[PDB]
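Below is one structure, written out as structure tokens; comments come after it.
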Amino acid sequence: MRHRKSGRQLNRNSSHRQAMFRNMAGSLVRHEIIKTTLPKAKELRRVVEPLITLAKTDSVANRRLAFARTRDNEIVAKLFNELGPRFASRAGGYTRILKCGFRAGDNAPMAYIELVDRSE
Amino acid sequence: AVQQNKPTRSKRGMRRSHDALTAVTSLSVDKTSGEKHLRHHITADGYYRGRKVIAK
Amino acid sequence: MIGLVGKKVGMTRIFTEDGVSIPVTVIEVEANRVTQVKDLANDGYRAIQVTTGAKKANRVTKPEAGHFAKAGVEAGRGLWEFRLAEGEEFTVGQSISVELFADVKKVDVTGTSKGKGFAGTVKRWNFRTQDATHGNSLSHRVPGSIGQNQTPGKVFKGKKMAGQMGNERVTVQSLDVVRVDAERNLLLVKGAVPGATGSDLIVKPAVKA
Amino acid sequence: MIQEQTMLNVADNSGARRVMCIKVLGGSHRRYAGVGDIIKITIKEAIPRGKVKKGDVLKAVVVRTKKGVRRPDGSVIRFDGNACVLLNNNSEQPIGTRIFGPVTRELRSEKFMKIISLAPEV
Amino acid sequence: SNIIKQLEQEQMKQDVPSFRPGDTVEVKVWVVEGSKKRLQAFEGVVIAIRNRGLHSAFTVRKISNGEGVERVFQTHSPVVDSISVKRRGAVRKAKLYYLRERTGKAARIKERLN
RNA sequence: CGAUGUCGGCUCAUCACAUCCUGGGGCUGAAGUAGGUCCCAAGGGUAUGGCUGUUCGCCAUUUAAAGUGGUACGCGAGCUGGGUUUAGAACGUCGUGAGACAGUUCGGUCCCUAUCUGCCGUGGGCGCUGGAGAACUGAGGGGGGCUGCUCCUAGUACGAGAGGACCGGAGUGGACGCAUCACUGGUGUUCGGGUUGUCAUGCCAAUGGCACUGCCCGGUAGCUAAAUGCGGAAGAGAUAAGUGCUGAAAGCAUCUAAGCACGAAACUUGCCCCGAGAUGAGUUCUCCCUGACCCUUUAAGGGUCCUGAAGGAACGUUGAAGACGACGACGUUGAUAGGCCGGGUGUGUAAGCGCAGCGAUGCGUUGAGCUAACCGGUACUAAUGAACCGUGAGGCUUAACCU
RNA sequence: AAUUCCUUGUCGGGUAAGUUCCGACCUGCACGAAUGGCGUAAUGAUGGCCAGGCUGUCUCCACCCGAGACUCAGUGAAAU
RNA sequence: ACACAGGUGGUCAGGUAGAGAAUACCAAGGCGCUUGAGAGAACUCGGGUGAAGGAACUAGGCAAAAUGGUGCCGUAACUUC
RNA sequence: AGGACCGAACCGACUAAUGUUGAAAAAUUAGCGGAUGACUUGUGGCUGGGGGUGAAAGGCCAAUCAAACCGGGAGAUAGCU
Ligand SMILES: [Mg+2]
Ligand SMILES: [Mg+2]
Ligand SMILES: [Mg+2]
Ligand SMILES: [Mg+2]
Ligand SMILES: [Mg+2]
Ligand SMILES: [Mg+2]
Ligand SMILES: [Mg+2]
Ligand SMILES: [Mg+2]
Ligand SMILES: [Mg+2]
Ligand SMILES: [Mg+2]
Ligand SMILES: [Mg+2]
Ligand SMILES: [Mg+2]
Ligand SMILES: [Mg+2]
Ligand SMILES: [Mg+2]
Ligand SMILES: [Mg+2]
Ligand SMILES: [Mg+2]
Ligand SMILES: [Mg+2]
Ligand SMILES: [Mg+2]
Ligand SMILES: [Mg+2]
Ligand SMILES: [Mg+2]
Ligand SMILES: [Mg+2]
Ligand SMILES: [Mg+2]
Ligand SMILES: [Mg+2]
Ligand SMILES: [Mg+2]
Ligand SMILES: [Mg+2]
Ligand SMILES: [Mg+2]
Ligand SMILES: [Mg+2]
Ligand SMILES: [Mg+2]
Ligand SMILES: [Mg+2]
Ligand SMILES: [Mg+2]
Ligand SMILES: [Mg+2]
Ligand SMILES: [Mg+2]
Ligand SMILES: [Mg+2]
Ligand SMILES: [Mg+2]
Ligand SMILES: [Mg+2]
Ligand SMILES: [Mg+2]
Ligand SMILES: [Mg+2]
Ligand SMILES: [Mg+2]
Ligand SMILES: [Mg+2]
Ligand SMILES: [Mg+2]
Ligand SMILES: [Mg+2]
Ligand SMILES: [Mg+2]
Ligand SMILES: [Mg+2]
Ligand SMILES: [Mg+2]
Ligand SMILES: [Mg+2]
Ligand SMILES: [Mg+2]
Ligand SMILES: [Mg+2]
Ligand SMILES: [Mg+2]
Ligand SMILES: [Mg+2]
């Protein structure tokens, strides 16, 4: 009955959740900003920010690990090469959410989640 | 399990005693662009609290 | 005598010289500060009201602040009354420490029990479950029959049915006071008390012998 | 944590080898016997020239269980199987004369002092 | 919680010698034998360690007269006079519960030596 | 009879008392222990099994006891479907036969998304006479109410002896209830590891996907029982049956007529919970509001302009609070959530490199790597002044003070 | 006894306890010889009974993963 | 009656594991099944795990759980051999 | 060799739960029987209603069958509602 329990079941099963957030940390990283529902965005921060953190240390281990999550070398290239050194000195909060209204086709609360500097 | 007597129009009324929607009263205007928006939400031109975030 | 209000810190244990593990509830008891005395004359009964802890000023209200001000004690998280008992006497602004209990020996402890939400009959009333098997159709945890027939022709009040369980006042009586340490704001009572960690507790000297 | 239908090994030269608990004595609706509680058993297996025979029905104190025993400091003593020692009906008191395997101090129980006084361990 | 630590660690032992599941330890335990307090020895294989501050505990398994006896000690209870490592055991697994399904010979665990 | 489904079981109960146990008491062909019988008493408590569809019953073993009844022989829009139980089939028995049995035997579809009442939970509204925030008082309602065994008194009273108490006290249990997660454990598809088959990331090495989480070994937080704490009370009042004091009517006797003492798990209290919608809407503390105009049938009248407090609520971050509402925390004068740091804990020595070995694989760096909901910290990220609702000093009468 | 009303017949066995089961007895209410009698290896999603293993069937339920239930948006029934 | 979890004859047979046209994973090819978004109550459905006990359930072990391959060794009564 | 054994396709339908205003006017899921034979199936043909066909249940003969369906006698008759 939830007491002190973290993590959002997003009406999916365990594997699917994992697949999706893997598939979506890669998105946010690739595009630095993506638009999603608010709940997913809020969870995304838990998957993604600890990749960033991991990337603050370049090492064959950490890259491989980074590859275990994500499983995409373009993305593990971008952390480590770009994003790790961007956020080098900032302690967490590598990401920010901007709420942005309601999805037409089903009314889902949406939000942008973006890296904290973009420029892109 | 179905009703034995047809419920009255009055009763229909009372049951809907609580489905008025509530208007929002929370719109704010962005200082730097003057478009309306919900509190803590970005504007349609992607302004939030003055700064232009987003940009699409 | 009166009682104090405190906070439920958590549980642990005190090992005793002779190899006994006493399990204890650690209750914080910061000084209680009297915010109002009441008497026959003015109220129709004798009692102190007390506050404890502290409240973000921005979250004190005008009315509250007025009241606190009067007694000249700083805002606390709340107010609680303890019935005075012919003899007992206190003054507004007086501070009362956990050492109130330095003896007493047992105490009754009241809290707001953890909240289990909408509980069905099995959990809430220890209703015993039907057959899992043997033919049962959609009726394992369901509650059984709830009445007789035409006679009543109704369900009786107080019928054990499903609904909110938890999150209500509960007293637990005559717990052994294990330790009283004012310097540390500590009351150790033996055994578990109601409520999740962090919530308010009221300790009164146990009423029963 | 012994109950009706539970099988127990015997911990004495009573001759019983496998007994089955058919009643947990000591209280209405009482469901478990453990620690050192007195159950009622039938005998499912005995040796050929023992002091008891199969199909006999008497009592027994339980002296070892998989559920074990807690102690004043929190700790636990578990056992790999459940064992008891046959006592005769209208006397409690053990039928055997020797005891096997370890037993726990809970038996301090006046009437079981014998059991502890025999018996290898603890 | 900060209070609780204060309370707990002022109640903990500062000399629990080191050991690990697989090790064979002899625990000396205070007991009242009839009229006497007196130390008493229990020796067996550590098959589990529960590491939690004052509540830390270990389960020591030992084959007494034909079948197993496991006891879980409460590392910091005054009951536990002393803990000793009679043989450094070599296993790899935190909880050695598989040894219950093992008798006499399959039960044995390599010596660590090192 | 334009349909009130049924025996037993299961689940859930609720009354009666003609009381099974526990409590009080009278008589006893009551020495004690233990009975018998009756009176009072319905507070609570009141068995698991073998056989049979069974209820019952018999049997086994418990127990303080295994109560008797009513409730559509309580309870199928609550479950079951063994019995009853259509259609198949068989035996026996009847019948020329079709067939039949209130004989037996094998097989054999149990629908219904709850409008109303009721009930369990939980909100919204308005009221409580200016409005608001609290803390209360406690009318009323609900919960609870069981009991074994051992020890002392005492091997005493009693008894020829066997045996064996009353009164009182002390322990420790059973069943039940509540709470809790500290301990012992369970689970822990969000933590770690091992491993099968296959596919992929070019290959090696290292990984990931799928196969019930592929199959497994463990396991944090939480939830939780088997886990560990607490409970039933004592006390008080008025009583039942009953035991009596004083005492006439009735010179005596008489517990009663007047007067008085006792007397039970029932009653009222005492204990826990709800509780002022207690509209008979109570009390206490604190807080906020100090402009004018017009009109009409002129009155507790309607409207306009200006005003808009206390507080509420909204929005966001949220919670051991939660179906939703609700309740609690926090919103930069900030630890509310996420992240981040350190720690713990879990797993159990990663990768990479080196050394040994033909190789599988070992050993070293290494208790390594990783590590959720945990603990201690930290404004990096998100919690924007605002909006809205609620007003602008609050009726008449009498009385007591007061000018 | 797919046959026996009385009937849970009696006795034996198995169980702590067995209206069923097995073995017996014969008092066959109301077996019996191709309306076949009595046997019978094998066969059987056939009926009855015992036992080992196995277990959440049960003591007595806990926890967890999922589809509903619940909240928002769109559509939008039914019996009566 | 439906863009309906039903029914409908024949032909083709890639890789790895495998006895196999079983089964798991893949290739080619084809698809995610025409309401979605959140919550993470009771209860229902479908699964996983479960201390001690182990048929005490029940009309009945109903349902579960369990067994499960290959090769050797080795297998009783009874029998129509 | 075999109305032989185990087991997919194929044929079937013993148990259970789900469903019961269904996804479905008989099904889904897990288990289950046969699976070289009295096997199973495509196409076309034949048998017709007191008639057929039936390894026999009163089974089947177009969602049905102790006498199909359609049209007619026909406004059968209804001392019943
Ligand atoms: Mg949390
Ligand atoms: Mg959904
Ligand atoms: Mg809660
Ligand atoms: Mg039950
Ligand atoms: Mg059904
Ligand atoms: Mg079901
Ligand atoms: Mg009525
Ligand atoms: Mg009807
Ligand atoms: Mg009476
Ligand atoms: Mg009489
Ligand atoms: Mg009835
Ligand atoms: Mg029904
Ligand atoms: Mg029948
Ligand atoms: Mg745990
Ligand atoms: Mg490789
Ligand atoms: Mg895949
Ligand atoms: Mg998977
Ligand atoms: Mg007189
Ligand atoms: Mg109250
Ligand atoms: Mg860490
Ligand atoms: Mg913290
Ligand atoms: Mg005005
Ligand atoms: Mg016979
Ligand atoms: Mg049996
Ligand atoms: Mg015949
Ligand atoms: Mg024949
Ligand atoms: Mg679920
Ligand atoms: Mg809707
Ligand atoms: Mg479709
Ligand atoms: Mg189709
Ligand atoms: Mg296949
Ligand atoms: Mg889709
Ligand atoms: Mg399982
Ligand atoms: Mg289990
Ligand atoms: Mg087990
Ligand atoms: Mg067994
Ligand atoms: Mg039974
Ligand atoms: Mg039975
Ligand atoms: Mg089965
Ligand atoms: Mg299975
Ligand atoms: Mg064949
Ligand atoms: Mg099938
Ligand atoms: Mg076959
Ligand atoms: Mg044809
Ligand atoms: Mg047909
Ligand atoms: Mg005809
Ligand atoms: Mg016609
Ligand atoms: Mg005519
Ligand atoms: Mg007509």
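Starting from 1 in every chain, residues are counted up; chains themselves are A, B, ... following the order of the structure tokens, and ligands are numbered from 1 as listed.
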What residues in chain H lie within 6 Å of chain C, counting only C-alpha atoms (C1' of nucleotides), written as a PyMOL selection string? chain H and resi 41-42+62-63
Within 8 Å of ligand 17, counting only C-alpha atoms (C1' of nucleotides) and all ligand atoms, residues as a ChimeraX atom specification: /A:15 /F:210,213-214
Tell me, as a count of residues only, which residues lie within 10 Å of residue 57 of chain A, counting only C-alpha atoms (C1' of nucleotides); anything in the same chain fewer than 5 positions away does not count. 8
Would you give me, as a PyMOL selection string, the residues in chain E that DSSP reads as strand (DSSP E or B)? chain E and resi 21+23-33+36-50+52+54+57-64+67-74+80-87+89+111
Please identify every polymer residue within 8 Å of ligand 40, using only C-alpha atoms (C1' of nucleotides) and all ligand atoms, and present the set as a PDB file with C-alpha atoms (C1' of nucleotides), in the first residue's frame.
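As a result, selection07.pdb now contains:
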ATOM      1  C1'   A H  64      -2.774 -26.442  -6.877  1.00  0.00           C
ATOM      2  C1'   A H  65       2.181 -28.492  -5.801  1.00  0.00           C
ATOM      3  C1'   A H  66       4.881 -32.623  -7.517  1.00  0.00           C
TER       4        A H  66
END
Just list as a PyMOL selection string whatever in chain A DSSP marks as helix (DSSP H, G or I). chain A and resi 14-31+38-55+60-68+73-81+83-89
For atom CA of residue 39 of chain A and atom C1' of residue 336 of chain F, the interatomic separation in Å (one decimal): 17.2 Å
Throw together the list of residues within 8 Å of ligand 49, counting only C-alpha atoms (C1' of nucleotides) and all ligand atoms, and drop it here as a list in words.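 With only C-alpha atoms (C1' of nucleotides) and all ligand atoms and a cut-off of 8 Å, ligand 49 is contacted by residues 75, 76 and 77 of chain I.
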Those residues you just picked out, can you put them in a file as a PDB file, in the first residue's frame with N, CA, C and O atoms (P, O5', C5', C4', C3', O3' and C1' of nucleotides)?
ATOM      1  P     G I  75     -57.665 -16.246 -41.891  1.00  0.00           P
ATOM      2  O5'   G I  75     -58.326 -16.294 -40.447  1.00  0.00           O
ATOM      3  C5'   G I  75     -57.508 -16.272 -39.279  1.00  0.00           C
ATOM      4  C4'   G I  75     -58.332 -16.461 -38.037  1.00  0.00           C
ATOM      5  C3'   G I  75     -59.288 -17.649 -38.095  1.00  0.00           C
ATOM      6  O3'   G I  75     -59.494 -18.199 -36.794  1.00  0.00           O
ATOM      7  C1'   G I  75     -60.524 -15.647 -37.939  1.00  0.00           C
ATOM      8  P     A I  76     -58.453 -19.264 -36.193  1.00  0.00           P
ATOM      9  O5'   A I  76     -59.224 -20.644 -36.263  1.00  0.00           O
ATOM     10  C5'   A I  76     -59.873 -21.117 -37.420  1.00  0.00           C
ATOM     11  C4'   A I  76     -60.228 -22.557 -37.197  1.00  0.00           C
ATOM     12  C3'   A I  76     -60.932 -22.823 -35.881  1.00  0.00           C
ATOM     13  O3'   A I  76     -62.330 -22.643 -35.984  1.00  0.00           O
ATOM     14  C1'   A I  76     -59.122 -24.329 -36.121  1.00  0.00           C
ATOM     15  P     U I  77     -63.052 -21.490 -35.146  1.00  0.00           P
ATOM     16  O5'   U I  77     -63.243 -22.125 -33.694  1.00  0.00           O
ATOM     17  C5'   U I  77     -63.878 -23.378 -33.522  1.00  0.00           C
ATOM     18  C4'   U I  77     -63.344 -24.128 -32.327  1.00  0.00           C
ATOM     19  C3'   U I  77     -63.253 -23.375 -31.017  1.00  0.00           C
ATOM     20  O3'   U I  77     -64.500 -23.248 -30.357  1.00  0.00           O
ATOM     21  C1'   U I  77     -61.289 -24.648 -31.343  1.00  0.00           C
TER      22        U I  77
END
Counting only C-alpha atoms (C1' of nucleotides), a student should be able to say which residues of chain F come within 7 Å of chain B; what is the right answer, written as a PyMOL selection string? chain F and resi 77+112+114-115+315-316+384+387-388
So that I have them on file, write out the residues from the current selection with N, CA, C and O atoms (P, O5', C5', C4', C3', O3' and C1' of nucleotides), as a PDB file, in the first residue's frame.
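Written out: part36.pdb:
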ATOM      1  P     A F  77     -29.421 -14.472  -2.947  1.00  0.00           P
ATOM      2  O5'   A F  77     -28.664 -13.370  -3.809  1.00  0.00           O
ATOM      3  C5'   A F  77     -28.159 -13.694  -5.092  1.00  0.00           C
ATOM      4  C4'   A F  77     -27.946 -12.474  -5.950  1.00  0.00           C
ATOM      5  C3'   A F  77     -27.209 -11.332  -5.299  1.00  0.00           C
ATOM      6  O3'   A F  77     -25.823 -11.511  -5.379  1.00  0.00           O
ATOM      7  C1'   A F  77     -29.099 -10.510  -6.455  1.00  0.00           C
ATOM      8  P     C F 112     -23.967 -13.388 -12.173  1.00  0.00           P
ATOM      9  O5'   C F 112     -24.729 -12.014 -12.259  1.00  0.00           O
ATOM     10  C5'   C F 112     -25.021 -11.419 -13.499  1.00  0.00           C
ATOM     11  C4'   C F 112     -26.216 -10.529 -13.357  1.00  0.00           C
ATOM     12  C3'   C F 112     -26.248  -9.655 -12.118  1.00  0.00           C
ATOM     13  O3'   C F 112     -25.479  -8.474 -12.277  1.00  0.00           O
ATOM     14  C1'   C F 112     -28.374 -10.663 -12.484  1.00  0.00           C
ATOM     15  P     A F 114     -23.487  -2.384  -9.705  1.00  0.00           P
ATOM     16  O5'   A F 114     -25.034  -2.411  -9.310  1.00  0.00           O
ATOM     17  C5'   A F 114     -25.993  -1.611  -9.994  1.00  0.00           C
ATOM     18  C4'   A F 114     -27.020  -1.051  -9.046  1.00  0.00           C
ATOM     19  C3'   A F 114     -26.431  -0.192  -7.940  1.00  0.00           C
ATOM     20  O3'   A F 114     -27.355   0.821  -7.558  1.00  0.00           O
ATOM     21  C1'   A F 114     -27.477  -2.063  -6.984  1.00  0.00           C
ATOM     22  P     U F 115     -27.175   2.343  -8.075  1.00  0.00           P
ATOM     23  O5'   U F 115     -28.653   2.752  -8.507  1.00  0.00           O
ATOM     24  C5'   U F 115     -29.004   4.100  -8.782  1.00  0.00           C
ATOM     25  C4'   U F 115     -30.484   4.336  -8.604  1.00  0.00           C
ATOM     26  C3'   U F 115     -30.946   4.294  -7.166  1.00  0.00           C
ATOM     27  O3'   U F 115     -30.755   5.531  -6.537  1.00  0.00           O
ATOM     28  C1'   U F 115     -32.351   2.925  -8.464  1.00  0.00           C
ATOM     29  P     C F 315      -6.051  24.198  -7.845  1.00  0.00           P
ATOM     30  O5'   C F 315      -4.564  24.686  -8.104  1.00  0.00           O
ATOM     31  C5'   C F 315      -4.310  25.466  -9.253  1.00  0.00           C
ATOM     32  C4'   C F 315      -2.924  26.044  -9.259  1.00  0.00           C
ATOM     33  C3'   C F 315      -1.785  25.069  -9.066  1.00  0.00           C
ATOM     34  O3'   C F 315      -1.489  24.328 -10.229  1.00  0.00           O
ATOM     35  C1'   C F 315      -1.423  26.966  -7.735  1.00  0.00           C
ATOM     36  P     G F 316      -1.054  22.797 -10.075  1.00  0.00           P
ATOM     37  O5'   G F 316       0.405  22.871  -9.461  1.00  0.00           O
ATOM     38  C5'   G F 316       1.501  23.255 -10.268  1.00  0.00           C
ATOM     39  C4'   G F 316       2.686  23.613  -9.422  1.00  0.00           C
ATOM     40  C3'   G F 316       3.380  22.469  -8.732  1.00  0.00           C
ATOM     41  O3'   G F 316       4.205  21.719  -9.593  1.00  0.00           O
ATOM     42  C1'   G F 316       3.122  24.236  -7.226  1.00  0.00           C
ATOM     43  P     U F 384       6.210  29.236  -6.059  1.00  0.00           P
ATOM     44  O5'   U F 384       6.912  30.145  -7.158  1.00  0.00           O
ATOM     45  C5'   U F 384       7.880  31.130  -6.784  1.00  0.00           C
ATOM     46  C4'   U F 384       7.591  32.536  -7.313  1.00  0.00           C
ATOM     47  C3'   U F 384       6.287  33.223  -6.887  1.00  0.00           C
ATOM     48  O3'   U F 384       6.393  33.862  -5.611  1.00  0.00           O
ATOM     49  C1'   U F 384       6.683  33.538  -9.230  1.00  0.00           C
ATOM     50  P     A F 387      -3.973  39.777  -5.789  1.00  0.00           P
ATOM     51  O5'   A F 387      -4.602  39.628  -7.232  1.00  0.00           O
ATOM     52  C5'   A F 387      -5.977  39.364  -7.382  1.00  0.00           C
ATOM     53  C4'   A F 387      -6.192  38.312  -8.425  1.00  0.00           C
ATOM     54  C3'   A F 387      -7.397  37.433  -8.167  1.00  0.00           C
ATOM     55  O3'   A F 387      -8.585  37.992  -8.683  1.00  0.00           O
ATOM     56  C1'   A F 387      -5.503  36.067  -8.560  1.00  0.00           C
ATOM     57  P     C F 388      -9.471  38.958  -7.761  1.00  0.00           P
ATOM     58  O5'   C F 388     -10.741  38.077  -7.349  1.00  0.00           O
ATOM     59  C5'   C F 388     -11.393  37.271  -8.325  1.00  0.00           C
ATOM     60  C4'   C F 388     -11.432  35.811  -7.938  1.00  0.00           C
ATOM     61  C3'   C F 388     -12.307  35.486  -6.749  1.00  0.00           C
ATOM     62  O3'   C F 388     -13.671  35.433  -7.096  1.00  0.00           O
ATOM     63  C1'   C F 388     -10.243  34.314  -6.584  1.00  0.00           C
TER      64        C F 388
END
